[PDB]
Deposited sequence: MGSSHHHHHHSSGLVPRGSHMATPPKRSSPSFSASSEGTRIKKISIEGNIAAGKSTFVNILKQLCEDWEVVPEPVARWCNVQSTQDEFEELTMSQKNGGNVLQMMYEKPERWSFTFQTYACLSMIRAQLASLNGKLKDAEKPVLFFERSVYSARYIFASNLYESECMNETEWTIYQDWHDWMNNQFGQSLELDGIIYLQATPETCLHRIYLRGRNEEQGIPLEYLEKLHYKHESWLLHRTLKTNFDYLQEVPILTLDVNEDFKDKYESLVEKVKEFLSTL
């Protein structure tokens, strides 16, 4: 009965900035943030650092941990007795789909994951999916669209240590896979329904300060149709 909407975008496109705006728009809207802070101290080791420090060594470990910690947080929001409100909406920061079809797929293609790693990752992903898939199905997607170059500047502005080494090239690859999935809708997934799911594309290259009011109307308008 809970509508589930995922917020997709490249690294530093402004997802957390966008997400912090939502609860104040309506009392019925809940948000499940990406556990990024938790990833840099496990329960400790900073596995997010290890990922960027040696992707050939740590991609598989990180990517599978990232996605598991996302599943758990998302499942915990569903059980989390916030079903009782009039018309409840739950925004996911990223989803199991991008975790796999964008982030993990990209590192495999960059040879940061070998065939064995990629095969085990997928096999685990599928299994996670049929156990807790139906409950996590998306009613809609919001794509915060920004150039790789803008993202690169925003990694600098935010100043998250582990991400300061990310090159433009890495962000460019993530960009084209987002565009293939969310704009051209050309990316093949194992999930039929995703190809019909409504998608709102918002251009977030300009300052959040003077686009706020318009972005909000676009979101409110988009939700009505769902």
- [ ] Compare what was deposited with what's modelled and send me the C-alpha-less stretches, numbered from 1.
- [x] 1-39, 83-97
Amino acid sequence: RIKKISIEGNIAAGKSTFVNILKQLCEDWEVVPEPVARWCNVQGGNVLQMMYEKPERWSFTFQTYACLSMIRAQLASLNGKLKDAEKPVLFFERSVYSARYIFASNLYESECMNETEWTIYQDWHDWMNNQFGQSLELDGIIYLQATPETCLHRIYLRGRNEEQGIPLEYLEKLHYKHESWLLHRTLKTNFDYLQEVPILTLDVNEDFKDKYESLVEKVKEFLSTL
From here on, numbers count along this sequence of modelled residues.
Open item on the list: Can you tell me whether 8-16 has a higher mean C-alpha B factor than 209-217 in this record, or the other way round?
Closed with: 209-217
Task: Average Cα temperature factor in the PDB entry - higher stretch of 44-52, 170-178 - done: 44-52
TODO: Tell me which of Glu93, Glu117, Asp139, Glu86 tops the list for C-alpha B factor in the record.
DONE: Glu86
- [ ] By the entry's C-alpha temperature factors, tell me which of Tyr156, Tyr97, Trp127, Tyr121 sits highest.
- [x] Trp127
TODO: Sort the modelled residues of this chain by their C-alpha B factor and say whether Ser59 lands in the lowest, middle or highest third.
DONE: lowest
Open item on the list: How does the C-alpha B factor of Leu78 compare with the rest of the chain: lowest, middle or highest third?
Closed with: highest
- [ ] Looking at the entry's B-factor column for C-alpha atoms only, identify whether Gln145 ranks in the lowest, middle or highest third of its chain.
- [x] lowest
Task: CA B-factor ranking of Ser135, expressed as a third of its chain - done: highest
